[PDB]
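1. Below is the sequence, then the experimental coordinates.
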Amino acid sequence: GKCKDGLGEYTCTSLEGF
Amino acid sequence: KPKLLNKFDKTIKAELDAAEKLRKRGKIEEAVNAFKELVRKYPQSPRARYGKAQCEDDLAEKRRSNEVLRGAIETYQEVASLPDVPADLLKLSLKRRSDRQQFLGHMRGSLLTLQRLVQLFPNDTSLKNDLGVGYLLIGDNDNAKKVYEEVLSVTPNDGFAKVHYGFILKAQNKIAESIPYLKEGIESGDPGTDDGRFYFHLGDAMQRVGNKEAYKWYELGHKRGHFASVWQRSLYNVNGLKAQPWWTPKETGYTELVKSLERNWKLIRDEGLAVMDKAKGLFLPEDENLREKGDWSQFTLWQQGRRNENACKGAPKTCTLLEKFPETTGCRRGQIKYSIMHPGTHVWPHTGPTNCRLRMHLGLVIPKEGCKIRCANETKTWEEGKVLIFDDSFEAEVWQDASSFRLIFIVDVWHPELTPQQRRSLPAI
């Protein structure tokens, strides 16, 4: 799930290493 | 403190220390070949294999290389495969493996590693807590919930499990039930509980139930450095950006975009009404648990700076018009979307995730009464054909008490003081 209008996800960004 | 040398490794401690000293002195490449030489000479040595992994881990940091880190991740695994690995070293190796897997986005891989850790160390409560984080990171809130319910059945006052359990409950809209877990968890002061996410959701949960103590926790969250202010509670920020709830077009510098939206507002409206009439399904209900009640749906043209081609088939002229403004089409921390809200709707007080965007609202169909939006301490109304601009990292609240639908067009732009390099580098939201 994405944080669009709010901040409800545990993390809003994706992890892609360096 | 930690016991990392098994019986054989104690007999080669001089060689192991010499290699590790090279790593601690920053001679990473010399340390790699030294530990690689020890792995060749002593292929069963767990401390030698761990030294190789740590050197690869450091080399990955120096080079900023995912490939080199994938090598380290495999070597951490090899440590655990060897015979007679001391418990401390086995735990250190697999914990770093999981952490580095998460760093690369190998969330399923990390989960398997965390599951193995809990199987190998069934009484280590901190590892079960870590397993729950692994589930949260892949979006598996049900399994995360079961993990923390197991932790709390054994250690009821584990603060880390409380805050994460409370976080899960609130995400499930169990607002009242989440408050004591979030509060007791933060108050425990256990490692991992001084986290802005938990202050954020405790205060929001309290606002939803009418608990006036909400802002005492926003203030404490601000004091501990999690919020720029009690009003502006976004958690994915660039510090220093001008912070104010309401902006004028001139203050943003995006006056050409605003002119284009206001001059061409009727074609934007008309394509939105056409989708309302002939492609309703493109409007998706708001799905972030932001409503107390009512009906609120959005038809998104851009998200994370990516155009939705199929959506733009439904608003082709609007998408063509906006293509000329990369300050919004390239805003990877915002959206471009129609937003319809119907009577009987109330949006709880809330903030967005980031201070890196400003939000424009173009009025398309605005009933003469009943619709208003608050940002911080100031409430405003929309006008058809006119742009409002606010910073939704400040607390906002919305009401729709008209007798017909309210349609707006939402256009997010990069915060104007963000550099071009920042606009290219910030991870999407």
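-> Yep, that arrived. Residues are numbered from 1 along each chain as shown, chains lettered A, B, ... in the order given.

2. residues in contact with the helix or strand hosting residue B:33?
-> Residue B:33 belongs to helix B:28-41 when assigned by DSSP states H and E. Helix B:28-41 has contacts (Cβ atoms under 8 Å, 6 or more residues apart in numbering or on different chains) with B:12, B:15-16, B:18-20, B:22-23, B:45, B:48-49, B:51-52, B:55-56, B:58-59, B:62. Backbone N, C-alpha and C define where each C-beta goes, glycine included.

3. Following the chain past that helix, name the next helix or strand.
-> Next in line after helix B:28-41, if elements are assigned by DSSP H and E, sits helix B:46-63.

4. counting contacts, what elements does that next one pack onto?
-> For helix B:46-63, the contact count by 3 or more Cβ pairs under 8 Å, 6 or more residues apart in numbering or on different chains; DSSP states H and E identifies helix B:7-11, helix B:13-24, helix B:28-41, helix B:66-81, helix B:87-104 as packing neighbours.

5. contacting residues around the residue most central in space within chain A?
-> Geometric centre of chain A, nearest residue: residue A:12, 1.3 Å, by Cα atoms, centre = their mean. Residues near residue A:12 by Cβ under 8 Å, 6+ apart: A:2-3, B:235-236, B:353-354, B:429.

6. Serialize those to JSON lines and add fields for neighbour count and secondary structure.
-> Compiled in JSON lines, those are given as follows (neighbours: other Cβ atoms under 10 Å in any protein chain shown; DSSP: H, G, I helix; E, B strand; the rest coil):
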{"residue": "A:2", "neighbour count": "17", "secondary structure": "coil"}
{"residue": "A:3", "neighbour count": "20", "secondary structure": "coil"}
{"residue": "B:235", "neighbour count": "23", "secondary structure": "coil"}
{"residue": "B:236", "neighbour count": "19", "secondary structure": "strand"}
{"residue": "B:353", "neighbour count": "26", "secondary structure": "coil"}
{"residue": "B:354", "neighbour count": "23", "secondary structure": "strand"}
{"residue": "B:429", "neighbour count": "24", "secondary structure": "coil"}
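
7. can you put these in TSV and add distance to residue B:366?
-> Formatted as TSV, the contacts of residue A:12 follow (distance: Cβ to Cβ, whole Å):
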residue	distance to residue B:366
A:2	28
A:3	27
B:235	32
B:236	31
B:353	27
B:354	27
B:429	29
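
8. Show me which pair in the residues you listed is furthest apart.
-> Using Cβ to Cβ, the two most remote members of the contacts of residue A:12 are A:2 and B:235, lying 14.7 Å apart.

9. gap between residue B:166 and chain A?
-> Relative to chain A, residue B:166 is positioned 12 Å away (Cβ to the nearest Cβ, to the nearest Å).
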